[PDB]
Amino acid sequence: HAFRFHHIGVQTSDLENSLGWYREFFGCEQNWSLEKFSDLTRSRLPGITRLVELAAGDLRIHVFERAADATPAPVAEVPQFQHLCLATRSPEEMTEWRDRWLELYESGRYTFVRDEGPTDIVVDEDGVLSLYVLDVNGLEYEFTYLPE
Amino acid sequence: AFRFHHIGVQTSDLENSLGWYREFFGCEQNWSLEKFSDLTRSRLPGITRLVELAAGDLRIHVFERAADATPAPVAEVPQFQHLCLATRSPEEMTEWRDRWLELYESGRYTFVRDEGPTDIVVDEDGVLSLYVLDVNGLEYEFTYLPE
Ligand SMILES: [Fe+2]
Ligand SMILES: [Fe+2]
């Protein structure tokens, strides 16, 4: 492989809320935290106050907070990395992911940008299962099972 | 616990993004689709075509909505801000930055932004970083880890 996926950066308005939900939902760990930033970072992300690297298996997530004066909601009609898909290992885990999202949502431990619950688990004609949820920032995560 | 499968790129000009993703990343198209379930159309209203591109271990699902105009990314918004890919050698960092400038200067692709690539910077541990924008204005980072 010429290159390998390293990590994805998640911008949030409430770092504490995202750090708790990501660790609870995905089983993430905190590898390191950063509060000093170079001239290029403050130019790219004006107002960044802290960045934390999260690790859940092969997926690494760099969650960072910027202004937090307002709490805007994601825009849909705009070009974007629209969603992040994660492959499960059995059809049973698909129900597990949807159940655990609901459990964390109605537990009251977190504030969600949007109140939209998880989608149903949908089968296509080739046996693929599809499940979509929103993180605490209103960003879409897809859980799938490919009969590979 | 799980395996990262693919990222979804929402674009307004699919053929423009397809051509750039193929030349820049060396992407090859795995499959495509133009008939969608109710769930897909509810999530992405007006979706027309969906294509899975593969380059390395990374799968990229580029899809186009109702084109209409050509909107630009919004920065103040909670979002997946950037995608980082790891290189195998320090000289590849300059190879990536050069291939971006070549593809941009060729005039063969439409860009939402005029912003060129950043300089290659070094951190306290020797990690090299490089930030470029795709034809949709979305930020990609190339990194090199000495350890
Ligand atoms: Fe998807
Ligand atoms: Fe990064």
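Residues numbered from 1 in each chain as written, not as in the entry; some residues may be left out. Chains lettered and ligands numbered in written order. Heavy atoms only, no water.

- Structure determination for the deposited model, as stated in its record, used X-ray crystallography, and the stated resolution is 2.31 Å.

- Looking at the PDB entry, one finds chain B named L-DOPA extradiol dioxygenase and attributed to Streptomyces sclerotialus.
- The title field of the PDB entry reads "A substrate bound structure of L-DOPA dioxygenase from Streptomyces sclerotialus".

- As annotated in the PDB entry, chain A is L-DOPA extradiol dioxygenase from Streptomyces sclerotialus.

Some thoughts on the sheet that holds strand β2 (residues 28-33) of chain B
- Across the sheet, which stays open at both edges, the eight strands sit in the order β6(A)-β7(A)-β8(A)-β5(A)-β1(B)-β4(B)-β3(B)-β2(B) with mixed pairing between neighbours. Sheet topology places β6 (122-123) of chain A together with β2 of chain B at the edges, where each strand pairs with a single neighbour.
- Taken together, the five bridges between β2 of chain B and strand β3 (residues 49-55) of chain B define a ladder with antiparallel strand orientation. Pairing of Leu33 of chain B across the sheet is with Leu50 of chain B, part of β3 of chain B.
- Sheet strands in contact with helix α3 (residues 91-105) of chain A are β7 (129-134) and β8 (140-145) of chain A, and its direction is about 15 degrees off that of β7 of chain A.
- Packed onto the sheet, helix α1 (residues 14-25) of chain B meets β1 (3-11), β2, β3 and β4 (58-64) of chain B and runs at close to 5 degrees relative to β3 of chain B. (Pairing = 2+ DSSP bridges. Helix = DSSP H or I, 4+ residues; strand = E, 2+ residues; numbered from the N terminus. Contact = heavy atoms within 4.5 Å. Axes fitted to C-alpha atoms, helices over the stretch in contact; angles between N-to-C directions.)

Comments concerning the packing of α1 of chain B against helix α3 (residues 90-105) of chain B
Residues and elements named next belong to chain B.
- Orientation of α1 relative to α3, taken along the N-to-C sense of each, is 145 degrees, at an axis distance of 10 Å. In this structure, α1 meets α3 at a crossing whose hand is right-handed. Residues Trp20, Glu23, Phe24 and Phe25 of α1 pack against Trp96, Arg99, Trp100 and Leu103 of α3. (Left-handed = near helix turned anticlockwise from the far one by under 90°.)

Brief notes about the coordination of the iron ion (ligand 1)
- Of the protein atoms, only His83 of chain A (NE2), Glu142 of chain A (OE) and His6 of chain B (NE2) coordinate the iron ion (ligand 1), at distances of 2.4 to 2.6 Å. Pair noted here: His83 of chain A is in strand β5 (residues 80-87) and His6 of chain B is in strand β1, and the two residues belong to different chains.
- Residue classification places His83 of chain A among the buried residues on the basis of a relative accessible area of 4%. (Donors = N, O, S within 2.8 Å, 3.2 Å for Na, K, Ca; no water. Buried < 20%, exposed > 50% of the residue type's maximum accessible area, 1.4 Å probe, protein only.)

With respect to the packing of helix α1 (residues 15-26) of chain A against α3 of chain A
Residues and elements named next belong to chain A.
- Their axes nearest at 10 Å, the elements α1 and α3 cross at an angle of 145 degrees. Crossing angle aside, the handedness with which α1 passes α3 is right-handed. For the pair formed by α1 and α3, the contact residues are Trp21, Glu24, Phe25 and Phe26 on the first element and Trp97, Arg100, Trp101 and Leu104 on the second.
- Its residues assigned to classes, the contact of α1 with α3 shows six nonpolar, no polar and two charged. (Nonpolar A, V, L, I, M, F, W, Y, C, P; charged D, E, K, R; others polar.)

Overview of the coordination of the iron ion (ligand 2)
- Around the iron ion (ligand 2), the protein contributes the donor atoms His7 of chain A (NE2), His82 of chain B (NE2) and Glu141 of chain B (OE), which lie 2.5 to 2.6 Å from the metal centre. Of this pair, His7 of chain A sits in strand β1 (residues 4-12) while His82 of chain B is found in strand β5 (residues 79-86), placing the two residues in two different chains.
- What makes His7 of chain A buried here is its relative accessible area of 4%.

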